[PDB]
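Down below is the structure, laid out as structure tokens.
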Amino acid sequence: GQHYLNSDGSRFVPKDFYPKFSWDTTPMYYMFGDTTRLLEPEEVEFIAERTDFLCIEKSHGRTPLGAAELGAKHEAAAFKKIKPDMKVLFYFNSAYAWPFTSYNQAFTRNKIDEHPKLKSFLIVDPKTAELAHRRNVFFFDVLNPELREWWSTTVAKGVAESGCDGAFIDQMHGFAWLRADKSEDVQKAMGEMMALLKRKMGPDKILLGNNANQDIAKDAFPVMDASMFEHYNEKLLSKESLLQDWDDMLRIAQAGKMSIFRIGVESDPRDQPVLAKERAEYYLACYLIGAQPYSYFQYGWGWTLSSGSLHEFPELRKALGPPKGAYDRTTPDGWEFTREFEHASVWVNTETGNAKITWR
Numbered sequence: 002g003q004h005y006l007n008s009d010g011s012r013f014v015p016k017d018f019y020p021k022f023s024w025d026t027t028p029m030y031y032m033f034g035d036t037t038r039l040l041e042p043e044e045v046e047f048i049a050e051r052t053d054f055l056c057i058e059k060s061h062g063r064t065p066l067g068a069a070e071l072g073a074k075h076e077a078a079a080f081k082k083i084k085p086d087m088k089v090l091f092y093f094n095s096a097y098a099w100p101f102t103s104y105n106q107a108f109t110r111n112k113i114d115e116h117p118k119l120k121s122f123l124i125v126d127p128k129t130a131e132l133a134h135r136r137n138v139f140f141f142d143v144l145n146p147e148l149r150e151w152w153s154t155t156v157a158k159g160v161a162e163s164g165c166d167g168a169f170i171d172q173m174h175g176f177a178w179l180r181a182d183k184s185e186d187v188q189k190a191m192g193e194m195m196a197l198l199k200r201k202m203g204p205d206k207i208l209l210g211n212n213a214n215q216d217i218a219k220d221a222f223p224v225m226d227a228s229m230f231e232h233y234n235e236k237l238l239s240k241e242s243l244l245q246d247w248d249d250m251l252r253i254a255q256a257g258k259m260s261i262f263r264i265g266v267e268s269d270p271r284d285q286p287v288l289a290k291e292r293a294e295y296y297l298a299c300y301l302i303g304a305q306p307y308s309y310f311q312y313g314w315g316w317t318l319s320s321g322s323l324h325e326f327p328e329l330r331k332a333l334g335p336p337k338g339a340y341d342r343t344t345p346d347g348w349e350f351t352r353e354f355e356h357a358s359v360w361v362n363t364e365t366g367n368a369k370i371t372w373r
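Encoded structure:
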């Protein structure tokens, strides 16, 4: 146990700028924001106790501070006051031009025409010859090289201005379904944009891509340091998808990269805190079956500060310890999986949705 071991027994060698990792208890990642307010010191303390790795969300502190990147700057400093080594990521979406940061302030129905260069970065709906939009939120066009340059510089500027340790990039699809004949170009362009960002952030900055395990992100994945399994709907929590997760988590770890295995019980088949606490054992088990060095669990029922980050799920605080080996698929075509850790025995049936972790 001198070095962290992937489930294939190979050694995981982290980069110097990675967050802390340990198997002592479930390795945790947190991600949260609140448009309406900053964290109270007591809330910073609560989260800081439970994680070394978090991300501030897309709108945090927008109302009190006026711009979401100042929310990120505020919390990054608050957390680092407590744990100077905490890793705090700045959020930026690669697809939706959410107008929550100063950087994106022009991407509104009433301002965009006054910014013709920024407007030219956006997808046009061929059905209207006007900007494509989702409730008047416009769509970056990754096929536009000037957008790739602007966006990657902007994100790097947001990481620098906020004092964050890197970036969480949301979305990898580049709206490929809107230009499906160019899907391969979109995937290639996305990789180009991420490589620009990775370079522009300079050394020692973490790049986490959301859902970057998906084939659509293959050109982006190499320059990423981390990828998140978002489990954003029921299909992604199927027994087949969970087995794919576990396969992907090994591949990610073998690449020296980190994974975030994120669960929002809003996507559970079944009052969210009660449900979340009841399902914690099952979803933790799903993570532990596939867990690797420098993989982290995120748990709650959404993305707001009030969506789980400030609740105690006692399973997450129990001693876990290093895995004693890879999971065992109890029968070759069945959906029961077990795995042993130094302080816990995991059993899960992903066909039926039942699990039991026996804490020793």
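In the authors' numbering, the protein residues as written are 2 to 271, 284 to 373. Beta carbons: idealized from backbone N, C-alpha and C, even for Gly.
Problem set entry | Residue from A161, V361 and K16 with nearest C-alpha to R352 | Put simply, of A161, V361 and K16 the residue whose alpha carbon is nearest the alpha carbon of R352 is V361.
Exercise. In three-state terms, what does DSSP make of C56?
Worked result: Residue state, collapsed to three classes: strand.
Exercise. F310 by DSSP, collapsed to three states: which one?
Worked result: Here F310 sits in strand by DSSP.
For this session: For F326, name the three-state secondary structure that DSSP assigns.
Result: In the structure shown, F326 sits in coil (DSSP, three-state: anything other than H, G, I, E or B).
Exercise. Helix, strand or coil for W316 per DSSP?
Worked result: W316 falls in the coil class under three-state DSSP.
Exercise. Between which two residues does the beta strand (DSSP E) carrying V156 extend?
Worked result: For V156, no beta strand (DSSP E) segment is defined; the enclosing uninterrupted segment is the alpha helix (DSSP H) at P146 to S163.
Exercise. So is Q311 buried or exposed if we call it buried at 16+ other beta carbons inside 10 Å?
Worked result: Buried: at least 16 other Cβ atoms inside 10 Å.
Exercise. What's the gap between the Cα of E58 and the Cα of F91?
Worked result: About 8 angstroms.
Exercise. Hey, how far is the Cα of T26 from the Cα of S184?
Worked result: Straight-line Cα distance between these residues: approximately 41 angstroms.
Problem set entry | the segment 223 to 240 in contact with the segment 286 to 295 per 3-pair CB rule at 8 angstroms | With a cut-off of 8 angstroms, the segment 286 to 295 and the segment 223 to 240 do not count as touching, because too few Cβ pairs lie within range.
Problem set entry | Straight-line Cα distance separating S260 from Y307 | The straight-line gap separating the alpha-carbon atoms of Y307 and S260 is approximately 7 angstroms.
Exercise. Taking DSSP as the reference, what is the three-state secondary structure of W360?
Worked result: Assigned with DSSP and collapsed to three states, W360 falls in strand.
Exercise. For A196, which residues of its own chain have a beta-carbon under 7 angstroms away from its beta-carbon, when the five flanking residues on both sides are left out?
Worked result: Excluding positions up to five away in sequence, the list reads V224.
Exercise. So, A77 versus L40, is the Cβ gap smaller than 9 angstroms?
Worked result: Cβ atoms of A77 and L40: not closer than 9 angstroms.
Problem set entry | Proximity of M202 and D220 at Cβ, strictly below 9 angstroms | Contact: no.
For this session: Decide if the segment 44 to 52 is in contact with the segment 144 to 160; the criterion is three or more beta carbon pairs, one per stretch, under 8 angstroms apart.
Result: No, because fewer than three Cβ pairs between the segment 44 to 52 and the segment 144 to 160 fall closer than 8 angstroms, the two stretches do not touch.
For this session: Grab the span of the alpha helix (DSSP H) containing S228 for me, first residue to last.
Result: Looking at the DSSP string, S228 is not in any alpha helix (DSSP H); the run it does join, the beta strand (DSSP E), is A227 to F230.
For this session: Since I believe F101 is in contact with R63 (beta carbons under 8 angstroms), could you give me their beta-carbon distance rounded to a whole number of angstroms?
Result: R63 to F101, Cβ: 5 angstroms. Contact.
Exercise. Cβ of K59 versus every heavy atom of the ligand FMN: is any distance shorter than 8 angstroms?
Worked result: Looking for the ligand FMN in the displayed structure turns up nothing, as the structure carries no ligands at all.
Problem set entry | Residue nearest to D9 in terms of C-alpha spacing, selected from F326, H356 and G303 | For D9, the nearest C-alpha among the options comes from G303.
Problem set entry | Within 9 angstroms, strictly: CB atoms of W316 and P286 | Contact flag unset, no.
Exercise. Are the beta-carbon atoms belonging to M32 and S322 less than 9 angstroms from one another?
Worked result: By the CB criterion at 9 angstroms, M32 and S322 fall inside the cutoff.
For this session: Quick one: using the 10 Å Cβ neighbour count with 16 as the cut-off for buried, is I253 buried or exposed?
Result: With 16 or more other Cβ atoms from the protein chains shown falling within 10 Å of its own Cβ, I253 counts as buried.
For this session: Starting from the N-terminal side, write out each stretch of the beta strand (DSSP E) that is 3 residues or longer and does not extend beyond the segment 43 to 125.
Result: For secondary structure counted as the beta strand (DSSP E) over 3 or more consecutive residues, the segment 43 to 125 holds these complete runs in sequence order: 54 to 57 and 88 to 94.
For this session: Report the rounded CA-to-CA distance for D86 versus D126, giving the unit in angstroms.
Result: Answer to the nearest angstrom: the Cα atoms are 45 angstroms apart.
Exercise. How should residue 392 be labelled, buried or exposed, when 16 other C-beta atoms within 10 angstroms of its C-beta is the threshold for buried?
Worked result: This structure cannot speak to residue 392, because the chain is shown only from 2 to 373.
Exercise. Considering only residues of the same chain and omitting the five flanking positions on each side of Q106, which have a CB-CB separation below 8 angstroms?
Worked result: Within the same chain, Cβ atoms closer than 8 angstroms to the Cβ of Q106 are found at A68, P100 and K112, the five residues on either side in sequence being excluded.
Problem set entry | Straight-line Cα distance separating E328 from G34 | Going from the Cα of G34 to the Cα of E328 covers about 24 angstroms.
For this session: Determine the closest residue to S319 out of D284, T365 and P117, with distance taken between C-alpha atoms.
Result: For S319, the closest C-alpha among the options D284, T365 and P117 is that of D284.
For this session: Confirm, please, whether the CB-CB distance from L198 to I170 is below 9 angstroms.
Result: At the C-beta level, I170 and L198 come within 9 angstroms of one another.
For this session: Let me know the secondary structure DSSP gives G2 once reduced to three states.
Result: Coil.
Exercise. How many whole angstroms separate the CB atoms of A357 and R373, which I take to be in contact at a CB cut-off of 8 angstroms?
Worked result: About 6 angstroms separates the beta carbons of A357 and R373, which is inside the 8 angstroms limit, making them a contact pair.
Exercise. Alpha carbon to alpha carbon, what distance is there between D226 and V89?
Worked result: Our two residues, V89 and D226, have alpha carbons roughly 14 angstroms apart in a direct line.
For this session: Go ahead and label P20 buried or exposed: buried means 16 or more other beta carbons lie within 10 angstroms of its beta carbon, across all protein chains shown.
Result: Looking at its Cβ environment, which holds 16 or more other Cβ atoms inside 10 Å, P20 is buried.
For this session: Find out if the Cβ-Cβ distance for the pair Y104, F141 is shorter than 9 angstroms.
Result: Contact: no.
For this session: Go ahead and label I83 buried or exposed: buried means 16 or more other beta carbons lie within 10 angstroms of its beta carbon, across all protein chains shown.
Result: So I83 ends up on the exposed side.
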